[PDB]
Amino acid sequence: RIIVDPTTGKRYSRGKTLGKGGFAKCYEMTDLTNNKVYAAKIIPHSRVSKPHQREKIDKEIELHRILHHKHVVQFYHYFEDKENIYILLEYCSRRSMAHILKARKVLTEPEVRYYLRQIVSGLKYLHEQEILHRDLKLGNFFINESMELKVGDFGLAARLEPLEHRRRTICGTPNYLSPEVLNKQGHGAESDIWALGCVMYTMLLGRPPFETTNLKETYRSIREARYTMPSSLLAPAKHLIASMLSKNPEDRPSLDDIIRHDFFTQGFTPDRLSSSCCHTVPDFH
């Protein structure tokens, strides 16, 4: 099937399905005018009848369409026709972290340092652009053919705000709610740092440091910021995770402080990682 951009030219071929992605059904989509393939969201209007979810996508696009970084999903184009809304994004053949970790359960440090360096780099970009991702989670870290990491799904993203006028309500439902955001103080840049801690944790142990149900039963526990630190962690990793998951946010480290932590400096880290690290654990040193 051929899909023409009625505002322009401009013809596209639609290929393989890629699965469900909330409102979007995903499909491979080829721009016939340059023959590159792209991962596309296709949201029919029927599913965006209601004004606030209509607004939810406008923002994702508005915020996404200005982002150019090697570790941020490269937004290509978007257009609409009578039936559907169309968003083409960087095609990431080797899926997400979420997929990888299910296979391998738990990762070796060199790779954790390999993947985190990339999550952290992409996030300086956004954070310096004054944009908060607000949903860092293994699912939203996309890997490509050449084993490179890009952060995507900017569906719960927002611009930084004056701390007095900021959104207090939990927007959407993140994977990792923070203490501050639970005391109704709103999502800060550090609330992203929070998520990174939980994420590193998961990568090293295959289970999150706190429940991810967003149930009120689980709220005191997060607010206290108390969790099991297992002995299986070397001290560098232990220490780093701890500072990242500080209870009060203004104690959490900066992104620069993070890539410069012992965990980073006194291990070894590959420039290139094989594709077999998707399924198999690597060789020593």
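When you see a residue number, it is the position in the sequence shown, counting from 1.
Output the stretch having the higher mean C-alpha B factor in the entry; the candidates are 212-220 and 45-53.
Higher mean C-alpha B-factor: 45-53.
Averaging only over Cα atoms, indicate whether 161-169 or 135-143 has the higher B-factor in the PDB entry.
Of 135-143 and 161-169, the stretch with the higher C-alpha B-factor average is 161-169.
Could you say which of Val37, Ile241, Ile258, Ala225 has its CA atom at the highest B factor, as listed in the PDB entry?
Reading the PDB entry, the winner on C-alpha B-factor is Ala225.
For the listed residues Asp192, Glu180, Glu130, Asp153, which one has the largest C-alpha B-factor as given in the deposited model?
Answer for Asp192, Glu180, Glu130, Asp153: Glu130, with the highest C-alpha B-factor.
Looking at the C-alpha B-factor of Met229, is it in the lowest, middle or highest third of its chain?
Its C-alpha B-factor belongs to the highest third of this chain's values.
Compare the C-alpha B factor of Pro174 with those of the other modelled residues in its chain, then answer lowest, middle or highest third.
Tercile = highest for this residue's CA B-factor.
Quick check on the deposited entry: does the C-alpha B-factor of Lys102 sit in the lowest, middle or highest third of its chain?
Answer is lowest: the recorded C-alpha B-factor places it there.
Can you work out whether the C-alpha temperature factor of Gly206 puts it in the lowest, middle or highest third of the chain?
Ranked within chain, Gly206 CA B lands in the middle tercile.
Which third, lowest, middle or highest, does the C-alpha temperature factor of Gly267 belong to within its own chain?
For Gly267, the deposited C-alpha B-factor lands in the highest third.
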